[PDB]
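**Student:** Dumping the structure here so I can ask a few things about it.
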Number of protein chains: 2
Amino acid sequence: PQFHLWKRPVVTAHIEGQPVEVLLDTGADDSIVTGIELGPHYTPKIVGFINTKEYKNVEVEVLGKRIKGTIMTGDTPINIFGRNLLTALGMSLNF
Amino acid sequence: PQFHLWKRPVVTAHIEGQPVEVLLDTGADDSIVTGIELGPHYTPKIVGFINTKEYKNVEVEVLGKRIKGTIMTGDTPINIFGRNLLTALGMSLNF
């Protein structure tokens, strides 16, 4: 199916079973989310320049698909699913 | 046709005949661009909080379509075509 873009494309995803609302952002290369607790097993990352925790091989369910991917958690004003997850979800921009 | 999202979706557009490379950004509500001169007929806008010039009814050609829309010019690190132009161009997110 398709999503029209009149409204900001915010959907609900479950990351490791924890619900979160995210923005499907074609302007972002990576994904960062907050408000969930993925655990002690992460790689500290630095991306202003905030401090994030990188989790790899995480199960995410959104839009009827269940994938495994990488996600970063940290102080972000918006929860965003960037192109690294959009591609793993088989999403494209149509015109 | 469709655009896959492995690469940042940057395309070339002509705005009033002036070439510019823009990012098709689903994370942006509006569009702002720099490096082109659209003229003296604009509405000053404030959107950090930068100062922009809003032009309405501007002819833009991109992706094989020619539309008229609104665009803001001003100091932006990236030239972005937000949802206000993506919808006028008939673009959707497919999955």
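Just remember, in the structure tokens the first chain shown is A, the second B, etc., residues are 1-based per chain, and ligands are 1-based in the order shown.
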Sorted by chain and rising residue number, which residues of chain A lie within 7 Å of chain B, and what are their closest atom pairs and distances in Å to one decimal, counting only C-alpha atoms, as a Markdown table?
**Tutor:**
```
| residue | atom | partner | partner_atom | distance |
| --- | --- | --- | --- | --- |
| A:1 | CA | B:95 | CA | 5.8 |
| A:2 | CA | B:94 | CA | 4.4 |
| A:3 | CA | B:93 | CA | 5.0 |
| A:4 | CA | B:92 | CA | 4.8 |
| A:5 | CA | B:87 | CA | 5.9 |
| A:6 | CA | B:87 | CA | 6.5 |
| A:25 | CA | B:27 | CA | 4.7 |
| A:26 | CA | B:25 | CA | 5.3 |
| A:27 | CA | B:25 | CA | 4.7 |
| A:83 | CA | B:5 | CA | 6.1 |
| A:87 | CA | B:5 | CA | 5.9 |
| A:90 | CA | B:95 | CA | 5.9 |
| A:91 | CA | B:95 | CA | 4.6 |
| A:92 | CA | B:4 | CA | 4.8 |
| A:93 | CA | B:93 | CA | 4.8 |
| A:94 | CA | B:2 | CA | 4.4 |
| A:95 | CA | B:91 | CA | 4.6 |
```
**Student:** Could you pull out the alpha helix (DSSP H) residues of chain A, going by DSSP on the backbone, and write them as JSON, numbers by chain?
**Tutor:** {"A": [83, 84, 85, 86, 87, 88]}
**Student:** Compile the contact shell of residue 72 of chain A as a VMD selection string: residues with an atom at most 7 Å away, counting only C-alpha atoms, same-chain residues fewer than 3 positions apart removed.
**Tutor:** chain A and resid 31 to 33 52 to 55
**Student:** Only N, CA, C and O atoms, please: the residues just picked out, written as a PDB file, in the first residue's frame.
**Tutor:**
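Final output, saved to selection_3.pdb:
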```
ATOM      1  N   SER A  31      18.521   5.912  12.203  1.00  0.00           N
ATOM      2  CA  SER A  31      17.368   5.970  13.069  1.00  0.00           C
ATOM      3  C   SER A  31      17.722   6.146  14.543  1.00  0.00           C
ATOM      4  O   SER A  31      18.611   5.479  15.067  1.00  0.00           O
ATOM      5  N   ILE A  32      17.033   7.062  15.208  1.00  0.00           N
ATOM      6  CA  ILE A  32      17.244   7.302  16.629  1.00  0.00           C
ATOM      7  C   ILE A  32      15.867   7.440  17.261  1.00  0.00           C
ATOM      8  O   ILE A  32      14.957   8.070  16.711  1.00  0.00           O
ATOM      9  N   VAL A  33      15.731   6.864  18.438  1.00  0.00           N
ATOM     10  CA  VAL A  33      14.458   6.817  19.129  1.00  0.00           C
ATOM     11  C   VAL A  33      14.695   7.012  20.646  1.00  0.00           C
ATOM     12  O   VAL A  33      15.816   6.849  21.133  1.00  0.00           O
ATOM     13  N   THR A  52      24.748   8.485  22.001  1.00  0.00           N
ATOM     14  CA  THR A  52      23.712   7.504  21.734  1.00  0.00           C
ATOM     15  C   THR A  52      24.198   6.100  22.034  1.00  0.00           C
ATOM     16  O   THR A  52      25.378   5.867  22.274  1.00  0.00           O
ATOM     17  N   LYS A  53      23.264   5.172  22.078  1.00  0.00           N
ATOM     18  CA  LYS A  53      23.573   3.783  22.337  1.00  0.00           C
ATOM     19  C   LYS A  53      23.098   3.067  21.093  1.00  0.00           C
ATOM     20  O   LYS A  53      21.938   3.224  20.678  1.00  0.00           O
ATOM     21  N   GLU A  54      24.008   2.342  20.459  1.00  0.00           N
ATOM     22  CA  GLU A  54      23.674   1.616  19.254  1.00  0.00           C
ATOM     23  C   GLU A  54      23.410   0.150  19.532  1.00  0.00           C
ATOM     24  O   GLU A  54      24.222  -0.523  20.153  1.00  0.00           O
ATOM     25  N   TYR A  55      22.247  -0.318  19.090  1.00  0.00           N
ATOM     26  CA  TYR A  55      21.825  -1.702  19.244  1.00  0.00           C
ATOM     27  C   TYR A  55      21.716  -2.283  17.837  1.00  0.00           C
ATOM     28  O   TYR A  55      21.205  -1.651  16.922  1.00  0.00           O
TER      29      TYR A  55
END
```
**Student:** Mind pulling up the distance from atom CA of residue 36 of chain A to atom CA of residue 48 of chain B?
**Tutor:** 27.9 Å
**Student:** At a cut-off of 9 Å, using only C-alpha atoms, what residues contact residue 34 of chain B? Leave out same-chain residues fewer than 4 positions from it and give the result as a CSV table (one decimal) with N, CA, C and O atoms, in the first residue's frame.
**Tutor:**
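Written file, result03.csv:
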```
chain,number,residue,atom,x,y,z
B,20,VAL,N,19.0,23.6,-9.3
B,20,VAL,CA,19.3,23.4,-7.9
B,20,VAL,C,19.2,21.9,-7.5
B,20,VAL,O,18.5,21.2,-8.2
B,72,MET,N,10.5,28.8,-0.1
B,72,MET,CA,11.2,29.8,0.7
B,72,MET,C,12.7,29.8,0.4
B,72,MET,O,13.2,28.7,0.1
B,73,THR,N,13.3,30.9,0.3
B,73,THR,CA,14.8,31.0,0.0
B,73,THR,C,15.4,31.5,1.3
B,73,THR,O,14.8,32.4,2.0
B,74,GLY,N,16.6,31.0,1.7
B,74,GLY,CA,17.3,31.5,2.8
B,74,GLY,C,18.4,30.6,3.2
B,74,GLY,O,18.6,29.5,2.6
B,75,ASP,N,19.2,31.0,4.2
B,75,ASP,CA,20.3,30.2,4.7
B,75,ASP,C,19.9,28.8,5.2
B,75,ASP,O,19.4,28.6,6.4
B,76,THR,N,20.1,27.8,4.4
B,76,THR,CA,19.8,26.4,4.8
B,76,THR,C,21.1,25.6,4.4
B,76,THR,O,21.7,25.9,3.4
B,77,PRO,N,21.5,24.7,5.3
B,77,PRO,CA,22.7,23.9,4.9
B,77,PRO,C,22.4,22.9,3.8
B,77,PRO,O,23.3,22.5,3.1
B,78,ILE,N,21.1,22.5,3.7
B,78,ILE,CA,20.6,21.5,2.7
B,78,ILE,C,19.4,22.2,2.0
B,78,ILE,O,18.7,22.9,2.6
B,79,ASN,N,19.3,21.9,0.7
B,79,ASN,CA,18.1,22.4,0.0
B,79,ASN,C,17.1,21.3,0.1
B,79,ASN,O,17.4,20.2,-0.3
```
**Student:** Would you work out the distance separating atom CA of residue 62 of chain A from atom CA of residue 39 of chain A, expressed in Å to one decimal?
**Tutor:** 20.6 Å
**Student:** Find the distance between atom CA of residue 30 of chain A and atom CA of residue 46 of chain A and write it in Å to one decimal.
**Tutor:**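 Taking atom CA of residue 30 of chain A as the start and atom CA of residue 46 of chain A as the end point, the length is 12.7 Å.
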**Student:** In chain B, what's strand (DSSP E) per DSSP? Answer as an MDAnalysis selection string?
**Tutor:** chainID B and resid 2:4 10:15 18:24 32:33 43:46 51:62 65:73 80:81 92:94
**Student:** Would you kindly return, as a compact mmCIF listing (two decimals) with N, CA, C and O atoms, in the first residue's frame, each protein, DNA or RNA residue with an atom no farther than 9 Å from any atom of residue 13 of chain A, considering only C-alpha atoms and excluding same-chain residues fewer than 3 positions away?
**Tutor:**
```
# COMPACT_ATOMS: atom_id res chain seq x y z
N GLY A 17 9.13 -5.25 21.46
CA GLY A 17 7.88 -5.25 22.19
C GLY A 17 7.46 -3.95 22.86
O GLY A 17 6.39 -3.88 23.46
N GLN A 18 8.28 -2.91 22.76
CA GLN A 18 7.97 -1.63 23.39
C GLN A 18 7.42 -0.70 22.31
O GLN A 18 8.07 -0.49 21.29
N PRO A 19 6.19 -0.17 22.52
CA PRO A 19 5.54 0.74 21.55
C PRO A 19 6.16 2.14 21.47
O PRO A 19 6.54 2.74 22.49
N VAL A 20 6.27 2.67 20.25
CA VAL A 20 6.85 3.98 20.05
C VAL A 20 6.25 4.56 18.78
O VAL A 20 5.80 3.81 17.93
N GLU A 21 6.04 5.87 18.73
CA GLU A 21 5.55 6.47 17.50
C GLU A 21 6.76 7.09 16.78
O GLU A 21 7.53 7.84 17.37
N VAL A 22 6.93 6.75 15.51
CA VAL A 22 8.08 7.22 14.76
C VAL A 22 7.73 7.93 13.47
O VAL A 22 6.66 7.69 12.89
N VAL A 60 12.06 -5.21 15.18
CA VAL A 60 11.10 -4.12 15.11
C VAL A 60 9.91 -4.55 14.24
O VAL A 60 10.05 -5.34 13.30
N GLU A 61 8.72 -4.17 14.67
CA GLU A 61 7.51 -4.50 13.94
C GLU A 61 6.78 -3.22 13.67
O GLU A 61 6.48 -2.46 14.59
N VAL A 62 6.53 -2.97 12.40
CA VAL A 62 5.86 -1.75 11.99
C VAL A 62 5.31 -2.02 10.60
O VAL A 62 5.85 -2.85 9.85
N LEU A 63 4.15 -1.45 10.30
CA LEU A 63 3.52 -1.58 8.98
C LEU A 63 3.28 -3.01 8.50
O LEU A 63 3.33 -3.28 7.30
```
